[PDB]
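A.B. asks: Supplied in structure tokens, the structure appears directly below.
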Amino acid sequence: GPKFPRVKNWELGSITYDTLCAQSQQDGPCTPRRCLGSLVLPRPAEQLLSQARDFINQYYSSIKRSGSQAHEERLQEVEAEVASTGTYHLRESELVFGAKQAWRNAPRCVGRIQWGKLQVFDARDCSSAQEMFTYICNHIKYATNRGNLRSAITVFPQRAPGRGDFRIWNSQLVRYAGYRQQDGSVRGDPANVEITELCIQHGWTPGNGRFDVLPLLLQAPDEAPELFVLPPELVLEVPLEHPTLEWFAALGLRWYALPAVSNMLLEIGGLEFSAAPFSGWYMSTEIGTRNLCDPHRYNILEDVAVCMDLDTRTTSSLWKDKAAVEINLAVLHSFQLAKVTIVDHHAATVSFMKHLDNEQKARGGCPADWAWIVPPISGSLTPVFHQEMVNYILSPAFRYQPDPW
Amino acid sequence: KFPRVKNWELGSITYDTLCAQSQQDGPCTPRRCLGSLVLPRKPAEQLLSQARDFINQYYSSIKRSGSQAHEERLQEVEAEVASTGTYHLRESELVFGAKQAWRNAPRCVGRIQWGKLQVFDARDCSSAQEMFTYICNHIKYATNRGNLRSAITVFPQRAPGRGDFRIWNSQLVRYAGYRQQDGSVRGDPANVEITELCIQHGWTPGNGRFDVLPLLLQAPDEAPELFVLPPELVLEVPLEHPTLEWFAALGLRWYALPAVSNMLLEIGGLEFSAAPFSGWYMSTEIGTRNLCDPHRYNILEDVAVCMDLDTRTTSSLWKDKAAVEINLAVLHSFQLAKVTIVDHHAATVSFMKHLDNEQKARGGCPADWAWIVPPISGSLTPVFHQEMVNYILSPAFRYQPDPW
Ligand code: HEM
Ligand code: HEM
Ligand SMILES: Cc1cc(N)nc2cc(CNCCc3ccc(C#N)cc3)ccc12
Ligand SMILES: Cc1cc(N)nc2cc(CNCCc3ccc(C#N)cc3)ccc12
Ligand SMILES: C[C@H](O)[C@H](O)[C@H]1CNc2nc(N)[nH]c(=O)c2N1
Ligand SMILES: C[C@H](O)[C@H](O)[C@H]1CNc2nc(N)[nH]c(=O)c2N1
Ligand SMILES: [Zn+2]
């Protein structure tokens, strides 16, 4: 009936219509002819004004003062600013509204039922690579909260016309090193080879563990990146052990407790925040399945499989499956033991169902990227597998951005 | 420009320029992506222009475009359409179409096999009665005593101002689902509607968890007649776990032939509303979906209780654990009974070569990423890390409304 996407859940037979996507005024990667939905990365005062106006509108609507004289005065104030400085500034609580919106608007995040509880740290005053380090340390301390993790974000100055961006070069605040070996292999995390090399070029004296935390490479505007090392006590880690296979502890596997992305642009009302790191806490398959078992990461599947005594000779033993499950069980049980916040793929996807059900009533939809929302193990076994999803770009958004170098 | 496709496990990059040949539209626009939707939302030289293409496709396939045989065939088709508003395909053209329709189905992980397909021309069918005979034969050939074989049977095309040949059942083999007034459901919940359609057309229902349903066959503009499969055509496998003794006690079992009745074959503009096709199972279809899906047989918890696992909390991964034991029992049983089957690992590996062959022959391969990745152990298989482009090529297998 309705001229909007029909959306069906096949477990339950229930149907919904996404009316929110009518607000998506950025084009994604698909067209009538080809669907590029599996792609990870597909690729003026005039222009700013219209975005700004749309954000202020979103904001005043969020506090139910739409069309009020507060609202229409703010708007005038902004055009005034864009008029003389070619840009405009945000208010504290605007900023906070946007930072939560970009989280809420983020299609690849199963964790969004929490989008409301986000501590936003204003660092728009920060003026040095030194001070960035200080802000970042505060964040890590706060978000970690001794293993009782608290989602948070820290926002450094926005892009100014004709001036260097605040940029953090590492992809995450915590990243194990990747050491290109003499024989050709990589010691540690192969995902992090290039940054590991860059720290080195910039002065890092490098270890040779599998699990060496990298220093940060913080860049203030128009200045060469500066190297900062994290105090080992600030970086909580969890040693991985298994609840019934006593040998698993012997593999010496560790993961860090805090997932903190630091290379993503945060966009609000057309304002671009190039340094704006945020943190939540892990879903257990991020560690157990992708980070530890991906062919092109630590690739520890055959190794566990062999200790397990499995038939790694043939696919049909499902030796890969048995191994990956027990590795995931180990990530779960270890974090639990350590009193570090962790959520399994079942419980996370159940909560996302509730989120969808929530956002249905609240906005008439929730933009979602099915491929990224369905766990990388036991897909069919989680509710979101059977849940059709519409994906579109809403703003404020978290965007990808070129590596500074 | 043209889509840039990357493998995130190897670092390789391809370019799908075969997508440039899609002339059907998909559910997506630039503002919204509806790739995850299971179904869509639902004059005469358009037909001709579909036929002219297919004929060119066919003659280019056998290395003879522009030639005489091509030229004439083009005009044959033109003339038959101009005078009758439709036309017909010669059997070798049909066999080609049917094989392309398999090759182009973006949801199939098994297309490494696409050249090896037995085509039965059954367009000289004029009754429910004949339909049944053609189907009984499909099964015996395709089943092939458990050494399974890919086959399609093509019943007469749709025709303007006449009803359609239809097979009402979703698959030639399905288990009856009886809704018991207790809210609950005996058998396969996915099959309740068709079970009742069967009952009401005078089928004598059983009350087992795995009751093989009869076939409702419908020749044009007549009521569907009801035929019963001879038990020795329905090859079934009992499930049993290679190390868990107690598993065979579960009385589980699944048929061997996955054959689909309700889809529509489209070739050069012609539509075939009855054209069932079969292959062999991939183990996860049975082990994960059909037995563990909450809305199917849903045996996840029972098995888990039998494994003495911890139902109490999700974080013991009991769901995951039980599932893997199930998929194993399906791989065990089938391999023990010498019934063709393939595990999800073996399957996606072959698909990767298929992707590579396709990239070299046509410059691409239409793939539905969400359907290619198995229902367990996603990233544990190489297709997870492979970007895919999706689009509708013709010939094509399509969905179509149930005939009621
Ligand atoms: C609080 C618990 C959270 C959980 C369990 C969670 C879970 C996840 C997971 C599992 C992914 C996919 C990761 C991958 O495979 O790369 C993801 C992606 C994402 N999350 Fe969340 N998240 C949480 C908090 C947050 C917060 C606080 C924010 C923003 C302030 C956020 C923003 C995002 C974004 C933008 C992505 C997309 C990643 C990308 O585009 O590369 N998440 N999240
Ligand atoms: C020979 C071994 C084969 C294997 C292992 C295989 C595997 C699969 C799998 C796993 C699916 C996903 C279906 C689902 O999850 O429900 C699928 C779908 C599909 N396959 Fe294959 N297949 C095989 C043969 C064939 C043949 C012979 C044809 C056609 C002649 C075919 C065409 C299709 C089509 C059209 C779909 C989409 C089904 C739908 O939309 O419901 N495949 N196949
Ligand atoms: C807040 C957050 C929480 C959480 N639990 N997990 C989180 C995981 C991420 C991980 N996103 C990175 C995934 C990726 C994207 C692009 C490319 C490339 N090229 C390589 C990898 C980000 C934020 C997270
Ligand atoms: C050739 C073939 C081979 C094989 N191994 N498995 C195969 C499985 C199928 C199963 N497709 C059914 C999936 C579906 C589609 C639409 C709706 C609806 N509405 C509900 C379920 C078809 C063909 C197969
Ligand atoms: C090619 C494909 O998009 C890629 O492997 C995706 C698949 N799904 C994913 N899902 C999540 N959550 N994170 C990922 O990095 C990916 N990678
Ligand atoms: C909603 C979701 O797209 C739907 O359940 C899909 C997901 N992927 C699938 N993949 C396969 N192979 N078969 C399916 O039936 C489905 N179902
Ligand atoms: Zn799409």
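Just remember, in the structure tokens the first chain shown is A, the second B, etc., residues are 1-based per chain, and ligands are 1-based in the order shown.
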Show me, as a PyMOL selection string, the residues that have an atom within 12 Å of residue A:71 when counting only C-alpha atoms, minus same-chain residues fewer than 2 positions from it.
C.D. replies: chain A and resi 53-69+73-78
A.B. asks: Counting only C-alpha atoms, what are the residues of chain A within 8 Å of chain B, and for each of them which pair of atoms is the nearest and at what distance in Å, to one decimal? Sort the table by chain and rising number, as JSON lines.
C.D. replies:
```
{"residue": "A:5", "atom": "CA", "partner": "B:34", "partner_atom": "CA", "distance": 7.8}
{"residue": "A:6", "atom": "CA", "partner": "B:41", "partner_atom": "CA", "distance": 7.6}
{"residue": "A:7", "atom": "CA", "partner": "B:37", "partner_atom": "CA", "distance": 7.4}
{"residue": "A:8", "atom": "CA", "partner": "B:37", "partner_atom": "CA", "distance": 7.7}
{"residue": "A:11", "atom": "CA", "partner": "B:295", "partner_atom": "CA", "distance": 5.7}
{"residue": "A:12", "atom": "CA", "partner": "B:295", "partner_atom": "CA", "distance": 7.7}
{"residue": "A:21", "atom": "CA", "partner": "B:32", "partner_atom": "CA", "distance": 6.7}
{"residue": "A:24", "atom": "CA", "partner": "B:31", "partner_atom": "CA", "distance": 6.3}
{"residue": "A:25", "atom": "CA", "partner": "B:31", "partner_atom": "CA", "distance": 6.8}
{"residue": "A:26", "atom": "CA", "partner": "B:31", "partner_atom": "CA", "distance": 6.3}
{"residue": "A:27", "atom": "CA", "partner": "B:31", "partner_atom": "CA", "distance": 4.5}
{"residue": "A:28", "atom": "CA", "partner": "B:30", "partner_atom": "CA", "distance": 5.1}
{"residue": "A:29", "atom": "CA", "partner": "B:30", "partner_atom": "CA", "distance": 6.2}
{"residue": "A:30", "atom": "CA", "partner": "B:30", "partner_atom": "CA", "distance": 5.1}
{"residue": "A:31", "atom": "CA", "partner": "B:29", "partner_atom": "CA", "distance": 4.5}
{"residue": "A:32", "atom": "CA", "partner": "B:25", "partner_atom": "CA", "distance": 5.0}
{"residue": "A:33", "atom": "CA", "partner": "B:25", "partner_atom": "CA", "distance": 5.1}
{"residue": "A:34", "atom": "CA", "partner": "B:391", "partner_atom": "CA", "distance": 4.9}
{"residue": "A:35", "atom": "CA", "partner": "B:390", "partner_atom": "CA", "distance": 4.9}
{"residue": "A:36", "atom": "CA", "partner": "B:389", "partner_atom": "CA", "distance": 5.3}
{"residue": "A:37", "atom": "CA", "partner": "B:35", "partner_atom": "CA", "distance": 6.6}
{"residue": "A:38", "atom": "CA", "partner": "B:387", "partner_atom": "CA", "distance": 5.4}
{"residue": "A:39", "atom": "CA", "partner": "B:387", "partner_atom": "CA", "distance": 5.3}
{"residue": "A:40", "atom": "CA", "partner": "B:387", "partner_atom": "CA", "distance": 7.6}
{"residue": "A:42", "atom": "CA", "partner": "B:4", "partner_atom": "CA", "distance": 8.0}
{"residue": "A:289", "atom": "CA", "partner": "B:379", "partner_atom": "CA", "distance": 7.5}
{"residue": "A:290", "atom": "CA", "partner": "B:379", "partner_atom": "CA", "distance": 7.2}
{"residue": "A:293", "atom": "CA", "partner": "B:380", "partner_atom": "CA", "distance": 7.7}
{"residue": "A:294", "atom": "CA", "partner": "B:379", "partner_atom": "CA", "distance": 7.1}
{"residue": "A:295", "atom": "CA", "partner": "B:9", "partner_atom": "CA", "distance": 6.6}
{"residue": "A:296", "atom": "CA", "partner": "B:9", "partner_atom": "CA", "distance": 5.6}
{"residue": "A:315", "atom": "CA", "partner": "B:345", "partner_atom": "CA", "distance": 6.0}
{"residue": "A:316", "atom": "CA", "partner": "B:343", "partner_atom": "CA", "distance": 5.8}
{"residue": "A:317", "atom": "CA", "partner": "B:328", "partner_atom": "CA", "distance": 7.1}
{"residue": "A:318", "atom": "CA", "partner": "B:328", "partner_atom": "CA", "distance": 7.1}
{"residue": "A:320", "atom": "CA", "partner": "B:380", "partner_atom": "CA", "distance": 7.0}
{"residue": "A:321", "atom": "CA", "partner": "B:377", "partner_atom": "CA", "distance": 6.4}
{"residue": "A:322", "atom": "CA", "partner": "B:324", "partner_atom": "CA", "distance": 7.0}
{"residue": "A:325", "atom": "CA", "partner": "B:320", "partner_atom": "CA", "distance": 7.0}
{"residue": "A:329", "atom": "CA", "partner": "B:317", "partner_atom": "CA", "distance": 6.6}
{"residue": "A:332", "atom": "CA", "partner": "B:315", "partner_atom": "CA", "distance": 6.9}
{"residue": "A:344", "atom": "CA", "partner": "B:315", "partner_atom": "CA", "distance": 6.0}
{"residue": "A:346", "atom": "CA", "partner": "B:314", "partner_atom": "CA", "distance": 6.3}
{"residue": "A:347", "atom": "CA", "partner": "B:314", "partner_atom": "CA", "distance": 6.8}
{"residue": "A:370", "atom": "CA", "partner": "B:36", "partner_atom": "CA", "distance": 6.8}
{"residue": "A:371", "atom": "CA", "partner": "B:370", "partner_atom": "CA", "distance": 6.6}
{"residue": "A:375", "atom": "CA", "partner": "B:378", "partner_atom": "CA", "distance": 7.8}
{"residue": "A:376", "atom": "CA", "partner": "B:378", "partner_atom": "CA", "distance": 4.9}
{"residue": "A:377", "atom": "CA", "partner": "B:377", "partner_atom": "CA", "distance": 4.2}
{"residue": "A:378", "atom": "CA", "partner": "B:376", "partner_atom": "CA", "distance": 4.2}
{"residue": "A:379", "atom": "CA", "partner": "B:375", "partner_atom": "CA", "distance": 5.1}
{"residue": "A:380", "atom": "CA", "partner": "B:375", "partner_atom": "CA", "distance": 4.9}
{"residue": "A:381", "atom": "CA", "partner": "B:293", "partner_atom": "CA", "distance": 7.1}
{"residue": "A:388", "atom": "CA", "partner": "B:36", "partner_atom": "CA", "distance": 5.5}
{"residue": "A:389", "atom": "CA", "partner": "B:36", "partner_atom": "CA", "distance": 6.1}
{"residue": "A:390", "atom": "CA", "partner": "B:34", "partner_atom": "CA", "distance": 5.4}
{"residue": "A:391", "atom": "CA", "partner": "B:33", "partner_atom": "CA", "distance": 4.9}
{"residue": "A:392", "atom": "CA", "partner": "B:32", "partner_atom": "CA", "distance": 4.8}
{"residue": "A:393", "atom": "CA", "partner": "B:31", "partner_atom": "CA", "distance": 7.4}
```
A.B. asks: Within 8 Å of residue B:153, counting only C-alpha atoms, which residues qualify if same-chain residues fewer than 3 places away don't, as a JSON list (two decimals) with N, CA and C atoms, in the first residue's frame?
C.D. replies:
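Listing of out-v3.json after writing:
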```json
[["chain", "number", "residue", "atom", "x", "y", "z"],
["B", 119, "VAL", "N", 18.28, -31.22, -18.92],
["B", 119, "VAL", "CA", 17.03, -30.56, -19.28],
["B", 119, "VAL", "C", 15.97, -31.49, -19.89],
["B", 120, "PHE", "N", 14.88, -31.71, -19.18],
["B", 120, "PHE", "CA", 13.78, -32.46, -19.77],
["B", 120, "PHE", "C", 12.75, -31.51, -20.37],
["B", 121, "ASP", "N", 12.59, -31.56, -21.69],
["B", 121, "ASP", "CA", 11.55, -30.79, -22.37],
["B", 121, "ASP", "C", 10.21, -31.46, -22.15],
["B", 122, "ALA", "N", 9.31, -30.81, -21.41],
["B", 122, "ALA", "CA", 8.00, -31.39, -21.14],
["B", 122, "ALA", "C", 6.90, -30.44, -21.58],
["B", 134, "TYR", "N", 5.78, -36.83, -15.80],
["B", 134, "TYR", "CA", 7.04, -36.14, -16.06],
["B", 134, "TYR", "C", 7.81, -35.90, -14.76],
["B", 135, "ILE", "N", 7.08, -35.60, -13.69],
["B", 135, "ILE", "CA", 7.72, -35.33, -12.40],
["B", 135, "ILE", "C", 8.28, -36.63, -11.81],
["B", 138, "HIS", "N", 11.51, -37.12, -13.34],
["B", 138, "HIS", "CA", 12.51, -36.15, -12.90],
["B", 138, "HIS", "C", 13.23, -36.66, -11.66],
["B", 275, "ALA", "N", 8.28, -25.36, -14.07],
["B", 275, "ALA", "CA", 9.59, -25.77, -14.54],
["B", 275, "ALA", "C", 10.47, -26.09, -13.35],
["B", 276, "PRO", "N", 10.12, -27.15, -12.62],
["B", 276, "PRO", "CA", 10.85, -27.51, -11.40],
["B", 276, "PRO", "C", 12.30, -27.89, -11.65],
["B", 277, "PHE", "N", 13.21, -27.50, -10.76],
["B", 277, "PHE", "CA", 14.62, -27.90, -10.90],
["B", 277, "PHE", "C", 15.20, -28.46, -9.60]]
```
A.B. asks: Can you tell me which residues come within 9 Å of ligand 1 when counting only C-alpha atoms and all ligand atoms, ideally as a VMD selection string?
C.D. replies: chain A and resid 40 99 to 115 117 to 120 149 to 153 259 to 261 264 277 to 286 290 341 to 345 348 372 to 373 375 to 376 397 to 400
A.B. asks: Which of stretch 98-241 of chain A counts as strand (DSSP E) under DSSP, as a PyMOL selection string please?
C.D. replies: chain A and resi 119-122+152-155+167-168+178-180+186-188+216-219+226-228+237-239
A.B. asks: Limited to N, CA and C atoms, could you put the picked residues into a file as an mmCIF file, in the first residue's frame?
C.D. replies:
```cif
data_model
loop_
_atom_site.group_PDB
_atom_site.id
_atom_site.type_symbol
_atom_site.label_atom_id
_atom_site.label_comp_id
_atom_site.auth_asym_id
_atom_site.auth_seq_id
_atom_site.Cartn_x
_atom_site.Cartn_y
_atom_site.Cartn_z
ATOM 1 N N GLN A 119 28.576 9.489 26.888
ATOM 2 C CA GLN A 119 29.256 10.615 27.470
ATOM 3 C C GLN A 119 30.046 11.371 26.415
ATOM 4 N N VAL A 120 29.696 12.631 26.174
ATOM 5 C CA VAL A 120 30.405 13.436 25.177
ATOM 6 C C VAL A 120 31.371 14.435 25.816
ATOM 7 N N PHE A 121 32.659 14.300 25.514
ATOM 8 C CA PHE A 121 33.689 15.192 26.039
ATOM 9 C C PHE A 121 34.067 16.298 25.056
ATOM 10 N N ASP A 122 33.820 17.543 25.432
ATOM 11 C CA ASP A 122 34.111 18.639 24.529
ATOM 12 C C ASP A 122 35.574 18.995 24.618
ATOM 13 N N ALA A 152 31.782 6.438 25.259
ATOM 14 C CA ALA A 152 32.112 7.859 25.280
ATOM 15 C C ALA A 152 32.711 8.337 23.968
ATOM 16 N N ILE A 153 32.765 9.651 23.799
ATOM 17 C CA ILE A 153 33.405 10.228 22.625
ATOM 18 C C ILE A 153 34.070 11.540 23.051
ATOM 19 N N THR A 154 35.134 11.926 22.348
ATOM 20 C CA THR A 154 35.900 13.130 22.661
ATOM 21 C C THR A 154 36.082 13.953 21.389
ATOM 22 N N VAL A 155 35.608 15.201 21.369
ATOM 23 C CA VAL A 155 35.598 15.967 20.118
ATOM 24 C C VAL A 155 36.586 17.136 20.089
ATOM 25 N N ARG A 167 44.161 15.628 13.587
ATOM 26 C CA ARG A 167 44.035 14.248 13.146
ATOM 27 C C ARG A 167 44.777 13.323 14.091
ATOM 28 N N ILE A 168 44.158 12.189 14.382
ATOM 29 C CA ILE A 168 44.824 11.063 15.005
ATOM 30 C C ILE A 168 45.125 10.049 13.907
ATOM 31 N N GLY A 178 52.189 -4.628 14.076
ATOM 32 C CA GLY A 178 52.337 -5.569 12.985
ATOM 33 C C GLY A 178 53.731 -5.495 12.391
ATOM 34 N N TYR A 179 54.537 -6.520 12.646
ATOM 35 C CA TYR A 179 55.947 -6.498 12.263
ATOM 36 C C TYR A 179 56.249 -7.352 11.049
ATOM 37 N N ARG A 180 56.510 -6.691 9.929
ATOM 38 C CA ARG A 180 56.854 -7.396 8.702
ATOM 39 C C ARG A 180 58.100 -8.229 8.951
ATOM 40 N N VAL A 186 54.201 -11.915 9.139
ATOM 41 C CA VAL A 186 54.044 -10.732 9.974
ATOM 42 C C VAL A 186 53.954 -11.186 11.422
ATOM 43 N N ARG A 187 54.682 -10.528 12.313
ATOM 44 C CA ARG A 187 54.526 -10.865 13.709
ATOM 45 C C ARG A 187 53.549 -9.894 14.367
ATOM 46 N N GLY A 188 52.547 -10.452 15.040
ATOM 47 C CA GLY A 188 51.502 -9.649 15.654
ATOM 48 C C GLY A 188 50.278 -9.554 14.757
ATOM 49 N N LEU A 216 50.556 6.338 20.105
ATOM 50 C CA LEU A 216 49.651 7.077 19.233
ATOM 51 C C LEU A 216 50.434 8.076 18.427
ATOM 52 N N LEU A 217 49.879 8.444 17.293
ATOM 53 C CA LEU A 217 50.556 9.365 16.414
ATOM 54 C C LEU A 217 49.624 10.546 16.241
ATOM 55 N N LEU A 218 49.759 11.526 17.121
ATOM 56 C CA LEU A 218 48.792 12.606 17.200
ATOM 57 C C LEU A 218 49.234 13.825 16.417
ATOM 58 N N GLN A 219 48.337 14.351 15.604
ATOM 59 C CA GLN A 219 48.691 15.474 14.766
ATOM 60 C C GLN A 219 47.804 16.691 15.037
ATOM 61 N N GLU A 226 53.140 13.902 16.232
ATOM 62 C CA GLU A 226 54.015 13.657 17.365
ATOM 63 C C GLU A 226 53.689 12.323 18.007
ATOM 64 N N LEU A 227 54.706 11.671 18.549
ATOM 65 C CA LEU A 227 54.548 10.309 19.032
ATOM 66 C C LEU A 227 54.290 10.326 20.526
ATOM 67 N N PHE A 228 53.294 9.577 20.967
ATOM 68 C CA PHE A 228 52.963 9.481 22.376
ATOM 69 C C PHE A 228 52.718 8.036 22.751
ATOM 70 N N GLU A 237 43.958 -4.992 29.580
ATOM 71 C CA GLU A 237 43.909 -6.141 28.670
ATOM 72 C C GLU A 237 43.334 -7.357 29.359
ATOM 73 N N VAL A 238 42.866 -8.314 28.580
ATOM 74 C CA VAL A 238 42.299 -9.522 29.153
ATOM 75 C C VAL A 238 43.036 -10.734 28.595
ATOM 76 N N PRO A 239 43.707 -11.491 29.476
ATOM 77 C CA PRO A 239 44.348 -12.718 29.020
ATOM 78 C C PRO A 239 43.290 -13.770 28.749
#
```
A.B. asks: Please identify all polymer residues within 6 Å of stretch 87-97 of chain B, counting only C-alpha atoms, omitting same-chain residues fewer than 2 positions from it, and present them as a list in words.
C.D. replies: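 Listing them by chain and then by number gives residues 80, 81, 99, 100, 119, 267 and 395 of chain B.
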A.B. asks: Go ahead and write the residues just picked, N, CA and C atoms, as an mmCIF file, in the first residue's frame.
C.D. replies:
```
data_model
loop_
_atom_site.group_PDB
_atom_site.id
_atom_site.type_symbol
_atom_site.label_atom_id
_atom_site.label_comp_id
_atom_site.auth_asym_id
_atom_site.auth_seq_id
_atom_site.Cartn_x
_atom_site.Cartn_y
_atom_site.Cartn_z
ATOM 1 N N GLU B 80 6.958 -14.958 -36.117
ATOM 2 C CA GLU B 80 6.004 -15.671 -35.283
ATOM 3 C C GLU B 80 5.415 -14.700 -34.269
ATOM 4 N N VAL B 81 6.233 -13.768 -33.794
ATOM 5 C CA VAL B 81 5.738 -12.777 -32.856
ATOM 6 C C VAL B 81 4.775 -11.802 -33.550
ATOM 7 N N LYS B 99 20.190 -23.343 -18.777
ATOM 8 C CA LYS B 99 21.535 -23.341 -18.202
ATOM 9 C C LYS B 99 22.012 -21.929 -17.870
ATOM 10 N N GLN B 100 21.619 -20.934 -18.668
ATOM 11 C CA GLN B 100 21.957 -19.549 -18.333
ATOM 12 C C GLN B 100 21.167 -19.065 -17.122
ATOM 13 N N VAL B 119 18.283 -31.223 -18.919
ATOM 14 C CA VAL B 119 17.031 -30.561 -19.285
ATOM 15 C C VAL B 119 15.975 -31.493 -19.890
ATOM 16 N N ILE B 267 12.895 -17.030 -20.326
ATOM 17 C CA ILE B 267 13.872 -17.143 -21.397
ATOM 18 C C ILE B 267 13.377 -16.299 -22.550
ATOM 19 N N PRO B 395 18.532 -15.001 -19.452
ATOM 20 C CA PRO B 395 17.485 -15.787 -18.786
ATOM 21 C C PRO B 395 17.554 -15.733 -17.270
#
```
A.B. asks: I'd like the neighbourhood of residue B:401 as an MDAnalysis selection string, where a residue qualifies if any of its atoms comes within 9 Å (using only C-alpha atoms), though same-chain residues fewer than 3 positions away should be ignored.
C.D. replies: chainID B and resid 42 262 404
A.B. asks: Write out the residues from the selection above, keeping N, CA, C and O atoms, as a PDB file, in the first residue's frame.
C.D. replies:
```pdb
ATOM      1  N   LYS B  42       6.340  -6.783  -5.797  1.00  0.00           N
ATOM      2  CA  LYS B  42       5.457  -7.686  -6.585  1.00  0.00           C
ATOM      3  C   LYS B  42       5.391  -7.181  -8.014  1.00  0.00           C
ATOM      4  O   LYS B  42       6.428  -7.085  -8.670  1.00  0.00           O
ATOM      5  N   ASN B 262       7.821 -23.938  -7.462  1.00  0.00           N
ATOM      6  CA  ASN B 262       7.074 -22.689  -7.607  1.00  0.00           C
ATOM      7  C   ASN B 262       7.749 -21.505  -8.296  1.00  0.00           C
ATOM      8  O   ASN B 262       7.131 -20.443  -8.427  1.00  0.00           O
ATOM      9  N   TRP B 404      -3.490 -19.111  -5.728  1.00  0.00           N
ATOM     10  CA  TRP B 404      -4.724 -19.109  -4.947  1.00  0.00           C
ATOM     11  C   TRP B 404      -4.946 -17.803  -4.192  1.00  0.00           C
ATOM     12  O   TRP B 404      -4.215 -16.823  -4.361  1.00  0.00           O
TER      13      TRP B 404
END
```
A.B. asks: Let me see if you get this right: every residue at most 7 Å from ligand 2, counting only C-alpha atoms and all ligand atoms, written as a list in words.
C.D. replies: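 These are the residues that qualify: residues 98, 99, 102, 105, 107, 108, 109, 110, 111, 113, 117, 150, 151, 152, 277, 278, 279, 280, 281, 282, 285, 342, 347, 371 and 397 of chain B.
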A.B. asks: Within 10 Å of residue A:125, counting only C-alpha atoms, which residues show up once you throw out same-chain ones fewer than 4 positions away? Write them as a PyMOL selection string, please.
C.D. replies: chain A and resi 131+155-157
A.B. asks: Among stretch 172-305 of chain A, which ones does DSSP assign to helix (DSSP H, G or I) (computed from the backbone)? Answer as a PyMOL selection string.
C.D. replies: chain A and resi 190-201+248-251+284-293+301-305
A.B. asks: Export C-alpha atoms of the chosen residues as a compact mmCIF listing (two decimals), in the first residue's frame?
C.D. replies:
```
# COMPACT_ATOMS: atom_id res chain seq x y z
CA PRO A 190 48.87 -7.93 10.13
CA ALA A 191 46.08 -5.35 10.03
CA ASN A 192 48.42 -2.88 11.61
CA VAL A 193 51.54 -3.27 9.50
CA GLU A 194 51.37 0.12 7.84
CA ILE A 195 50.79 2.15 11.02
CA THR A 196 53.49 0.16 12.82
CA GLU A 197 55.92 1.15 10.10
CA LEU A 198 54.81 4.77 10.32
CA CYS A 199 55.38 5.01 14.09
CA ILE A 200 58.82 3.60 13.43
CA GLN A 201 59.59 6.16 10.70
CA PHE A 248 44.01 -22.76 25.92
CA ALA A 249 45.49 -20.46 28.56
CA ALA A 250 48.92 -21.70 27.45
CA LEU A 251 48.45 -20.23 23.93
CA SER A 284 32.57 -11.09 21.58
CA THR A 285 32.71 -12.19 17.91
CA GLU A 286 34.80 -9.13 17.03
CA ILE A 287 37.63 -10.68 19.01
CA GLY A 288 36.99 -14.40 18.85
CA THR A 289 36.01 -14.64 15.19
CA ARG A 290 37.35 -11.72 13.15
CA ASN A 291 40.38 -10.53 15.09
CA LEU A 292 41.63 -13.95 16.17
CA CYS A 293 40.38 -16.25 13.36
CA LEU A 301 42.04 -21.28 13.83
CA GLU A 302 44.23 -24.18 12.60
CA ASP A 303 46.33 -23.81 15.77
CA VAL A 304 43.43 -24.17 18.21
CA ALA A 305 41.94 -26.83 15.96
```
A.B. asks: What does the distance from atom CA of residue B:228 to atom CA of residue B:258 come to in Å, to one decimal?
C.D. replies: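 Computed distance, atom CA of residue B:228 to atom CA of residue B:258, equals 17.5 Å.
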A.B. asks: What is the distance, in Å and to one decimal place, between atom 24 (C, counted along the ligand's line) of ligand 3 and atom CA of residue A:271?
C.D. replies: 22.1 Å
A.B. asks: Which of these residues is nearest to residue B:255, using only C-alpha atoms: B:181, B:359, B:104, B:290?
C.D. replies: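 Among the listed residues, the smallest separation from residue B:255 belongs to B:290.
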A.B. asks: Between atom CA of residue B:393 and atom CA of residue B:69, measure the distance and give it in Å to one decimal.
C.D. replies: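 Taking atom CA of residue B:393 and atom CA of residue B:69, their separation equals 24.8 Å.
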A.B. asks: Rank nothing, just name the residue among A:203, A:95, A:9, A:235 nearest to ligand 6, using only C-alpha atoms and all ligand atoms.
C.D. replies: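 Counting only C-alpha atoms and all ligand atoms, the residue closest to ligand 6 is A:9.
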A.B. asks: Can you list, as an NGL selection string, every protein, DNA or RNA residue that comes within 7 Å of residue A:189 when you count only C-alpha atoms, leaving out same-chain residues fewer than 4 positions away?
C.D. replies: :A and (176-178 or 210 or 297-298)
A.B. asks: Using only C-alpha atoms for the distances, tell me which of A:306, A:18, A:232, A:23 is nearest to residue A:247.
C.D. replies: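 Closest residue, counting only C-alpha atoms: A:306.
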